[PDB]
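Inspection log for the structure reproduced underneath, given as structure tokens.
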Amino acid sequence: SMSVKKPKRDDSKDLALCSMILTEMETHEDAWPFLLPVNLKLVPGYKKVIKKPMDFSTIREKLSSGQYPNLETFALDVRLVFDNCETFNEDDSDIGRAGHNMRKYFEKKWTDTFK
């Protein structure tokens, strides 16, 4: 509350560390569904169904231009990628499996780096 603060957690390396995680996600062999924004002209249903599209290139540009206020807003966008993928793709599809794999990979790096 006013003039009553918990001890200051060091957040000075968060930007660098999120960038490192994102690099690892970009280079994963199952990243291909997620590297670029879904083409809303060429994929029926996507525009109407997926209210907030997100992809790794969009996260990378937000990250690089100071559009994440803190590491939690970064994780929310990464999770959005996978949540969108589950909304639009069957679990038993190459893309649906890719998204599960990537979400697992992310969540481990996230816990190991920050928790």
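What's counted below: heavy atoms across the whole structure, side chains too, no hydrogens, waters or symmetry copies. Numbers here are sequence positions counted from 1.
- Between the side chain of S19 and the backbone N or O of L15 there is no donor-acceptor pair closer than 3.5 Å.
- With sequence neighbours excluded, the residues forming a side chain to side chain contact (heavy atoms under 4.5 Å, CB included) with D92 are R97, listed by chain and number.
- Classification of the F34-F56 ring pair by plane angle, with boundaries at 30° and 60°, yields tilted.
- In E61, the CD atom is not crowded: 12 or fewer heavy atoms of neighbouring residues, nucleotides or ligands sit closer than 6.0 Å.
- If you chain together hydrophobic residues whose side chains sit under 4.5 Å apart, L76 and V81 never meet in one group.
- Rounding to the nearest 0.5 Å places CG of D94 at 10.5 Å from CG of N101.
- Rounding to the nearest 0.5 Å gives a distance of 12.0 Å between CG of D83 and CE of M54.
- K47 contributes no side-chain N or O that, together with a main-chain N or O of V43, makes up a donor-acceptor pair within less than 3.5 Å.
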Test log, rule side-chain contact (heavy atoms from CB on, under 4.5 Å), inputs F82 and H100: CA-CA 7 Å; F82 310 125; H100 289 295; over 6 Å; no
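- Every residue meeting the salt bridge (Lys or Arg N to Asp or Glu O under 4.0 Å) condition with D77, not counting sequence neighbours, appears here in chain and number order: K62.
- A donor atom on one side chain and an acceptor atom on the other are not found under 3.5 Å apart for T87 and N84.
- To the nearest 0.5 Å, the span separating CG on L80 from CD1 on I50 amounts to 8.5 Å.
- Between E24 and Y105, the closest heavy-atom pair is O-CE2, 3.7 Å.
- To the nearest 0.5 Å, atom CD of residue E86 and atom CZ of residue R103 are 5.0 Å apart.
- Tracing side-chain contacts under 4.5 Å through hydrophobic residues (I, L, V, M, F, W, Y), one never reaches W32 starting from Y46; they form parts of separate clusters.
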Worked verdict on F88 versus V38 for side-chain contact (heavy atoms from CB on, under 4.5 Å): CA-CA 11 Å; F88 209 78; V38 171; over 6 Å; no
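- Judged by distance alone, the side chain of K51 and the main-chain N or O of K48 form a donor-acceptor pair under 3.5 Å.
- Between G99 and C85 the shortest heavy-atom distance is CA-SG, 4.0 Å.
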Verdict with supporting geometry, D14 and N70, side-chain contact (heavy atoms from CB on, under 4.5 Å): CA-CA 8 Å; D14 289 358; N70 55 58; over 6 Å; no
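- Residue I95 is not grouped with residue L40 when hydrophobic side chains (ILVMFWY) are merged at heavy-atom distances under 4.5 angstrom, including chains of intermediate members.
- Taking the six-membered ring for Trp and thresholds of 30 and 60 degrees, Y68 and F74 have ring planes more than 60 degrees apart, a perpendicular arrangement.
- Under a 3.5 Å cut-off, the side chain of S93 and the backbone N or O of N89 do not form any donor-acceptor pair.
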Worked verdict on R79 versus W110 for side-chain contact (heavy atoms from CB on, under 4.5 Å): CA-CA 11 Å; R79 292 169 179 145; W110 190 252; 3.7 Å; yes
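- A distance of 10.0 Å separates CZ of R60 from SG of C18, quoted to the nearest 0.5 Å.
- A distance of 11.5 Å separates NZ of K108 from CD1 of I21, quoted to the nearest 0.5 Å.
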